[PDB]
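**Q** See coords21.pdb below, with PDB, C-alpha atoms and all ligand atoms.
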ATOM      1  CA  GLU A  29       9.335  12.399   1.099
ATOM      2  CA  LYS A  30       7.515  10.308  -1.534
ATOM      3  CA  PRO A  31       3.849   9.178  -1.460
ATOM      4  CA  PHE A  32       2.782   6.174   0.649
ATOM      5  CA  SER A  33       4.418   3.028  -0.773
ATOM      6  CA  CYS A  34       4.096  -0.520   0.614
ATOM      7  CA  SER A  35       6.848  -2.404   2.483
ATOM      8  CA  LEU A  36       7.519  -5.532   0.393
ATOM      9  CA  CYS A  37       6.163  -4.928  -3.134
ATOM     10  CA  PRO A  38       6.574  -2.233  -5.839
ATOM     11  CA  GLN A  39       3.127  -0.645  -5.368
ATOM     12  CA  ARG A  40       1.592   2.484  -3.797
ATOM     13  CA  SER A  41      -1.831   3.431  -2.386
ATOM     14  CA  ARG A  42      -3.652   6.779  -2.087
ATOM     15  CA  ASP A  43      -5.524   5.929   1.135
ATOM     16  CA  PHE A  44      -4.901   3.372   3.907
ATOM     17  CA  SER A  45      -8.341   2.010   2.948
ATOM     18  CA  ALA A  46      -6.944   0.629  -0.328
ATOM     19  CA  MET A  47      -3.486   0.023   1.179
ATOM     20  CA  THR A  48      -5.203  -2.308   3.674
ATOM     21  CA  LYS A  49      -6.807  -4.542   1.024
ATOM     22  CA  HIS A  50      -3.353  -4.712  -0.558
ATOM     23  CA  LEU A  51      -2.103  -6.406   2.629
ATOM     24  CA  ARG A  52      -5.160  -8.683   2.864
ATOM     25  CA  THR A  53      -4.581  -9.360  -0.849
ATOM     26  CA  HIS A  54      -0.793  -9.776  -0.522
ATOM     27  CA  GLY A  55      -0.897 -13.564  -1.019
TER      28      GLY A  55
HETATM   29 ZN    ZN A 101       2.767  -5.319   0.394
END
Let me see the file written as C-alpha cells.
Ligand SMILES: [Zn+2]
**A**
Amino acid sequence: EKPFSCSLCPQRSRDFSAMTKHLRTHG
C-alpha cells in the first residue's frame, strides 16, 4: 500500500491534520 494520497488531486499528506486543510483549500 502507498502513503496517504488525496482522492481528486495529485498530492499526498503526512497527517490528516494537513490533509484536512487540503480539502478546505481544495477550491
Ligand atoms: Zn483533494
**Q** Figure out the distance between CA of residue 32 in chain A and CA of residue 51 in chain A, please, to one decimal in Å.
**A** 13.6 Å
**Q** As an exercise, work out the distance from CA of residue 42 in chain A to CA of residue 55 in chain A in Å and give it to one decimal place.
**A** 20.6 Å
**Q** Which value, in Å to one decimal, gives the distance between CA of residue 54 in chain A and CA of residue 40 in chain A?
**A**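 Computing the Euclidean distance for CA of residue 54 in chain A and CA of residue 40 in chain A yields 12.9 Å.
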**Q** Distance limit 8 Å, reference ligand ZN 101 (chain A), atoms considered: all atoms listed in the file. Which residues make the cut? Give them as a list in words.
**A** residues 34, 35, 36, 37, 38, 39, 50, 51 and 54 of chain A
